[PDB]
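Understanding the architecture of this molecule
In case you want the letters, here they are:
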Amino acid sequence: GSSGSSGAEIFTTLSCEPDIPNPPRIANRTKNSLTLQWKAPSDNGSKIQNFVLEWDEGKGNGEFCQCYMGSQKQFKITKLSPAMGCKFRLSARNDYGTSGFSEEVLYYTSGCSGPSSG
């Protein structure tokens, strides 16, 4: 932790791309499936049209491709394999355009598991 507080004197509105939304978390992952859930950022300027999710199809090369694009904030990617590291990224796009993409997140489908440190 570290001291952190903001507070700028009122100012005129801003008409530009929205702020980068937080990265999607895991709510349920299987050997052949992966469930991800994310929230909505701060709508500033214009209501966000839809969300644009991307992933490297769990290949491990570094090529992100449109996986899901819509309003919903939850998508379960089925037809996967166990022990397959796959990355993802969330981004909001409004009348203006798609805002910066969240921080690349790396996940690994269910699989091997051991005891808890104790």
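Residues numbered from 1 in each chain as written, not as in the entry; some residues may be left out. Heavy atoms only, no water.

The protein chain goes by Fibronectin type-III domain containing protein 3a in the PDB entry, where it is assigned to Homo sapiens.

**Observations concerning the sheet that holds strand β1 (residues 25-30)**
Condition: We treat two strands as partners when DSSP finds at least two bridges between them. Helix numbering and strand numbering both begin at the N terminus, where a helix is a DSSP run of H or I of at least 4 residues and a strand a DSSP run of E of at least 2. Lines fitted to C-alpha atoms define the axes here, with helix axes fitted over just the stretch in contact, and angles between the N-to-C directions of these axes take values from 0 to 180 degrees.
Strand order in the open sheet formed by three strands is β1-β2-β5, with antiparallel pairing between adjacent strands. Only two strands of the sheet have a single neighbouring strand rather than two, namely β1 and β5 (74-78). Strand after strand, the sheet turns through a mean of 15 degrees between neighbouring axes, direction not considered. Looking at chain direction, strand β2 (residues 33-37) and β5 are connected through five bridges and run antiparallel. Its bridge partner being in β5, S33 is matched across the sheet by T78.

**What about the pairing of β1?**
Here β1 pairs with β2 via five bridges, running antiparallel. Across the sheet, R29 pairs through a bridge with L34, a residue of β2.

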